[PDB]
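Chains as they are written, first to last, in the deposited numbering: chain B, 3 to 227, 242 to 306; chain A, 4 to 227, 241 to 306; chain A', 4 to 227, 241 to 306; chain B', 3 to 227, 242 to 306. A prime marks a further copy of an entry chain.
Beta carbons are placed, not taken as given, at the ideal position from N, Cα and C, and that holds for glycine.
Heads up: the structure comes next, in structure tokens.
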Amino acid sequence: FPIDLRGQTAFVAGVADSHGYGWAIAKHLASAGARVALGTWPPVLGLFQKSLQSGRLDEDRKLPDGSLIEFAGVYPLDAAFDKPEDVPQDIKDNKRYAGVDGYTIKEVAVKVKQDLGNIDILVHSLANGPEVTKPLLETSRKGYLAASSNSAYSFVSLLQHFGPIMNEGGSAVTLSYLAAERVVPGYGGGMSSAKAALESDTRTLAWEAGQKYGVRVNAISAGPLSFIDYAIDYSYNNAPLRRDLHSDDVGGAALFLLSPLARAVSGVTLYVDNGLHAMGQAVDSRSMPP
Amino acid sequence: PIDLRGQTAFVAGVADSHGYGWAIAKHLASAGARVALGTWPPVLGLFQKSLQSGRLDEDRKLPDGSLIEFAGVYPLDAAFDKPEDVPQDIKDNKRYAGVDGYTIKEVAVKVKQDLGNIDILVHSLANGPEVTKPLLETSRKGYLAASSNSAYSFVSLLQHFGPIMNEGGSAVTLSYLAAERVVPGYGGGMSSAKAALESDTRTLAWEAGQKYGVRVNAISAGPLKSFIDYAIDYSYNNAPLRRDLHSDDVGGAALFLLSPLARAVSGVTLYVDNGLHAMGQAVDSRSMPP
Amino acid sequence: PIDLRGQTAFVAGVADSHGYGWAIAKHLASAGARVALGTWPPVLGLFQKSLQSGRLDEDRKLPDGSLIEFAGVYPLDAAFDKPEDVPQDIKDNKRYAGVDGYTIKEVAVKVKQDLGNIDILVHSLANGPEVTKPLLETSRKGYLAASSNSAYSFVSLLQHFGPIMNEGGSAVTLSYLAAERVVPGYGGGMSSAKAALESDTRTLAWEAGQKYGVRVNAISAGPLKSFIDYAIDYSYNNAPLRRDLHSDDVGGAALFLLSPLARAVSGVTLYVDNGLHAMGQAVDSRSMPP
Amino acid sequence: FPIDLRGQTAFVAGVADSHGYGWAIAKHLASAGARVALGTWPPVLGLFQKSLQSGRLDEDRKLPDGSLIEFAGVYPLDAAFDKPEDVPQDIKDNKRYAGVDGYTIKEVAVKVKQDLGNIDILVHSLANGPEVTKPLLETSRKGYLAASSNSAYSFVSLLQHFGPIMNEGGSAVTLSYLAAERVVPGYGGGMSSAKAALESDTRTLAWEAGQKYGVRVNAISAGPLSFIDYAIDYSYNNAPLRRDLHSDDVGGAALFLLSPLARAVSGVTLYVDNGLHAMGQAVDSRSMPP
């Protein structure tokens, strides 16, 4: 009863599998009684769809009841394209792309509207850095510009196209990382920069949609779920909280941002990171004793 | 859903039933918490009184329709830590007759005995005797007063309650935008008390995070003629979301922050303010056109 | 005093003589620097021309009374990194006739040869073809355009100049408040380009700091009818210091940031804005009284 | 000529010896041709005065020319007291306090005005935490409240009393530390919190003095010049800059904030810390390899 989402429909761009935030969020959204549709990268839309209807994901659709997560559709979606005129020929001709169509952001919005009416909850859980391995001084223009297109501008496009089919009081959420605000070596070919752009756009768009649509626009900067393994232990050892960052922690937090408990919350960047954002110094440094 | 059953919450600074403290307790109870109240002793007898008669039965409504009940109402003056710290003219001060043991430490002992370990701790306390006076006209006495009532008290609440707090518990306080950015009129050092308060929220987060495994967060609220009046009007006219800020808004966002959903959330300042913090200018300005 | 003698500064993006680039070069020269200029090639012939005739002799005055001289004026289009990246219709585009080698890398080689290692690098470059359009009406094309002109270019400037930069050198770029907080009207993704830009300033600071031993900082400037007009008026009416923002103000603060006085200063955003960033509200509001 | 301070008088509260920032700043201020008066803790005013006239400090008064720093007076000053009615009897009777008088902030302002006329530059270089060894959960009220009184409120008092004798265009500066904004274990009995308050007051006071006096109010958050030794190596190994933080680095930076090159700079917090503020992660962590 504190979060009754019955009545509400959500669309979640960026669920290819059951291990990302996208999946975790949907799980929670649905868990509060919302209809939940998914945007899925065409290249993997098939495998995901087979992976669902197989039975294979039932341990992961599993809810509080023992009932399973059901979806109001699972749409092809490529956040790199806003409308079909934008799609390059070789992609139209690409082997992993034929069969599936109407996968631009605009096309997907029209589809959601004709299939489910207006929506209440918008999630943006997609980021892509073709040069994330590379440091900024070794990042190309094409690289940088791609990282931003996929990660940053895709939120704006999404909001552009979903906004007009979003109920008053409705809300949207995206995902960021520390590196947006504070240097974090590793991350990665303009990914940091795109994230910064996302957080600014999160703010600007909270103003724009607040006014035109009455829609809340927020961001979660998350901890880490190789570069990673070390990052996981880093946070384990330097966070205010001696604990791992589970995906449910972020899902959990997104549920709130997208519930009417956050009806006055907009333009925010919520750190869901066991509190690492709050330190000005690692305690496990080689320069301190243990 | 989100389930505070089995859990006990201590809410410091609830005298009226129109403040944030009320709003917050109200919400915690709706989610199934045991709620205890700490009240500034001059208003206790009265407050306790007005509750018990049937006065507040309307303000205790429950959103099912039942009424919120309290596992206790406690005298609490947050200006004092030990009994030792109370000056005589207060011990003697007529306004305090009957009541005993309202120094943070004493409240803790009583709470520990009557109820045992708690999980949720709310700090709804702000007081500054020179608040109407601009900072260049605030005295040392009032500025320390303000810091002593609205910052330190939080530190002491933790110092004394931390010990009785279950691992995974969380505390919250309430801040205001002036602590990061100039709000003319919010004077007396309240501005400064609050920047200290947000800072302690981060420091304590680390410390309590590490020592008791507890989370520490802040809600930076908007405004709930007058100086308030103009404030409300401004925010209504300039915030991304064109609405009034109800106390339920804060109520709900505390309810998220103090709940398991927020277990990876620590050391944050959460703006519950209709988006206003996100703004770099007023659309309202007599410099702009309508 | 502070002494840039023996030192050489490269200032990218000086076409007019009323921008920040002019103001900055002007200041560096006053402190005894060799100053070279990079100019967007369509305006070079002209700019170079107007200099040489005696036109700008008044805007080159020197505060002793002598005139600023340039160790070079260079074609520089910051949209291109290698010659390879130039499209034909540009190579052919009539507006570019005569000039060759204005891709960041080429400019660097020429600068390295003609002058050798530099110590000071200025990035006065911002361009967004959809800036008048709100973010919900900005396209992917223009948004990437904006990022490509006003963010990445900085990254490339460093990538290519870093190599020829003396240890202890410093670079600066220019940001704007909208990158942290919503300024309605500053659209086209310029807002986003700038948040990326401030972010790169921190990342690069680390990297260039470590690799070339160079510092990287930003000046977030105020405004130097119109949308500007209202902006200027607003800031004049709402900033702590009731003054107009001269370009010398920015000029001087770059001059500090690029000088030995600032050798422990890296990765900052410096607001040179009459204090306006510090504000949480307008005293101007039609919600307030006079 | 870029910083000609000839004509200008400065007062610098907090110079007991030649190793603090207070001394470094004066050195630079004087170095730009300013008259510089010093506030000195009465308890040490004698030893400092003897230490000067002895010859002993001549290597440290040493300027660019070979000439020495001269002062327009060296005043007893205790930033814990604003006016004499504030001073406790035992202090008046204290052994290290007799002889010297008129040492409250108000009294010192009157003295400066009657001796030197109006002033142009105000420096606030004093901080005191009687419990800085202790973590926040072990800090007493008296401790906390003292740390703030000495460190935070002393700036406000200073500005209150100097403001009215400060020329239009004049400016003031104070010193802070990371821990204000980000947790730094070690620091220290409410010192962190006071610093947060200082930075807020730095902002508020830039608004107040901007309007009433036309005076710029800024802060330098500095790096570190035991708890320390480790902190020095910490920054050495984790900063964007592989270098030590000399006192001249801060002095340098204060000179700018207090020169007319910063005529548009107010409410700022300038990181002068080899860039440490900019990282979100230590590179020498035990969790990374080296």
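Going by alpha carbons, who is nearest to A/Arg218 out of B/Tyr287, B/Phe3 and B/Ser127? For A/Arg218, the nearest C-alpha among the options comes from B/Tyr287.
Can you pull the DSSP bridge partners for B'/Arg37? B'/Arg37 pairs with B'/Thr11.
Work out the CA separation of B/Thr285 and B/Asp264 for me, nearest whole Å. Straight-line spacing of the CA atoms in B/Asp264 and B/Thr285 works out to 18 Å.
Is B/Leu79 buried or exposed, if buried means 16 or more other CB atoms sit within 10 Å of its CB? B/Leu79 comes out buried.
Please classify A'/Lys64 as buried or exposed, where buried requires at least 16 neighbouring CB atoms within 10 angstroms. That one is exposed.
Is any beta-carbon of chain A found at less than 9 Å from that of A'/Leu177? No, A'/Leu177 lies away from the interface with chain A (no Cβ there is under 9 Å from its Cβ).
Please confirm if A/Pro305 has its CB atom under 9 Å from at least one CB of chain A'. It does: the Cβ of A/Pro305 has a partner Cβ on chain A' nearer than 9 Å.
Taking a Cβ distance cut-off of 7 Å, strictly less, list which residues of the region 243–270 of chain B' are near chain A, in chain order. Using a CB distance below 7 Å, no part of the region 243–270 of chain B' faces chain A.
Suppose you measure from the CA of A'/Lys108 to the CA of A'/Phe164; what does that come to, to the nearest Å? Each residue's CA atom was taken as its position, placing A'/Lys108 and A'/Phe164 some 8 Å apart.
Taking 9 Å as the threshold (beta carbon to beta carbon), is A/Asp289 in contact with chain B'? Any Cβ of chain B' closer than 9 Å to the Cβ of A/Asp289 would place that residue at the interface, and such an atom is absent.
Measure the beta-carbon distance from A/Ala148 to A/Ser178 and round it to whole angstroms, keeping in mind my assumption that it falls under 8 Å. A/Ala148 to A/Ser178, Cβ: 18 Å. No contact.
If I measure Cβ to Cβ from A'/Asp6 and keep anything under 8 Å in the same chain, skipping five residues before and after, which residues do I get? Once the five neighbours on either side are set aside, the close Cβ partners of A'/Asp6 are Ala34, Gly35 and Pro276.
Output needed in chain order: residues of the region 272–302 of chain A' with a Cβ under 7 Å from some Cβ in chain A. Only those residues of the region 272–302 of chain A' whose C-beta falls short of 7 Å from the nearest C-beta of chain A are listed: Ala294, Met295, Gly296, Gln297, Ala298, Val299, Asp300, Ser301 and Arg302.
Spatial neighbours of A/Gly16 in its chain, beta-carbon cut-off 6 Å, leaving aside the 5 residues before and after: For A/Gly16, where only same-chain residues beyond five positions count, the Cβ hits under 6 Å are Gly24, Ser127 and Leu128.
First and last residue of the alpha helix (DSSP H) that includes A/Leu160? Note, A/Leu160: alpha helix (DSSP H), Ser156 to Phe164.
Leaving out the 5 sequence neighbours to the left and right, which residues in its chain are closer than 7 Å to residue 236 of chain B when beta-carbon positions are compared? In the model as presented, chain B runs from 227 straight to 242, which leaves residue 236 of chain B without coordinates.
Considering only residues of the same chain and omitting the five flanking positions on each side of A'/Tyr99, which have a CB-CB separation below 6 Å? A distance below 6 Å between beta-carbons, with the five flanking residues on each side excluded, links A'/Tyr99 to the following residues of its chain, in chain order: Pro44.
Consider the Cβ of A/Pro226: report whether some Cβ of chain B lies at a distance smaller than 9 Å. By this cut-off, A/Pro226 is not an interface position.
Does B/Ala181 have its Cβ less than 9 Å from a Cβ in chain B'? Yes, because at least one Cβ of chain B' sits closer than 9 Å to the Cβ of B/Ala181.
Nearest to B'/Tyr77 by CA position, among B'/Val114, B'/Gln10 and B'/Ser223, is which residue? Per the C-alpha coordinates, the member of B'/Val114, B'/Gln10 and B'/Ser223 positioned closest to B'/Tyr77 is B'/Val114.
Reducing DSSP to helix, strand and coil, say where B'/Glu183 ends up. In the structure shown, B'/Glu183 adopts coil according to DSSP, grouped into three states.
On the criterion of 16 or more Cβ atoms from any shown chain inside 10 Å, does A/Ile244 qualify as buried, or is it exposed? Only exposed fits A/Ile244, as fewer than 16 other CB atoms lie within 10 angstroms of its CB.
Grab the span of the beta strand (DSSP E) containing B'/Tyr246 for me, first residue to last. Annotation: B'/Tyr246 is outside any beta strand (DSSP E); the continuous alpha helix (DSSP H) that includes it extends over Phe243 to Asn254.
Ends of the alpha helix (DSSP H) at A'/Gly75? Premise fails: A'/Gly75 lies in the beta strand (DSSP E), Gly75 to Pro78, not in any alpha helix (DSSP H).
Beta carbon proximity, B'/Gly24 to chain A, threshold 9 Å: Not a single CB atom of chain A sits nearer than 9 Å to the CB of B'/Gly24.
Identify the continuous alpha helix (DSSP H) that holds B/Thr285 and give its terminal residues. Taken as a continuous stretch (DSSP letters only), B/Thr285 belongs to no alpha helix (DSSP H), being part of the beta strand (DSSP E) at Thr285 to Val288.
With a cut-off of 8 Å on the beta carbons, I'd call B'/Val125 and B'/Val14 a contact; round off their distance for me. In this structure B'/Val125 is in contact with B'/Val14, their Cβ atoms being roughly 4 Å apart against a cut-off of 8 Å.
Exposed or buried, which one is B/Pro306 when buried takes at least 16 other CB atoms within 10 Å? Exposed, since its Cβ has fewer than 16 Cβ neighbours within 10 Å.
Alpha carbon to alpha carbon, what distance is there between A/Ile71 and B'/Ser202? Linking B'/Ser202 to A/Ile71 through their CA atoms gives a straight-line distance of about 39 Å.
Alpha-carbon to alpha-carbon, B'/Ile123 and B'/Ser153: Distance between the alpha carbons of B'/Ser153 and B'/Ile123: 19 Å.
Where the region 33–64 of chain A meets chain B: residues whose CB sits under 7 Å from a CB there: So the list reads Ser33 and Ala34, given in the order they occur along the chain.
Enumerate in chain order the residues of its own chain whose CB-to-CB distance from B'/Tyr252 is below 6 Å, with the five nearest sequence positions on each side excluded. Once the five neighbours on either side are set aside, B'/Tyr252 has no close Cβ partner at all.
Could you work out which residue in A/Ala81, A/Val110 and A/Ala255 is closest to A'/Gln297 when comparing CA atoms only? The residue from A/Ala81, A/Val110 and A/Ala255 with its alpha-carbon nearest to that of A'/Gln297 is A/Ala255.
Cutoff 9 Å: A'/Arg8 Cβ touching any chain A Cβ: Judged by the 9 Å Cβ criterion, A'/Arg8 is not in contact with chain A.
Close-in-space but distant-in-sequence residues of the same chain around B'/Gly75 (CB under 7 Å, 5 per side omitted): Hits under 7 Å: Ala39 and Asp117.
Taking only three categories from DSSP, how would you classify B'/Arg63? Here B'/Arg63 sits in helix by DSSP.
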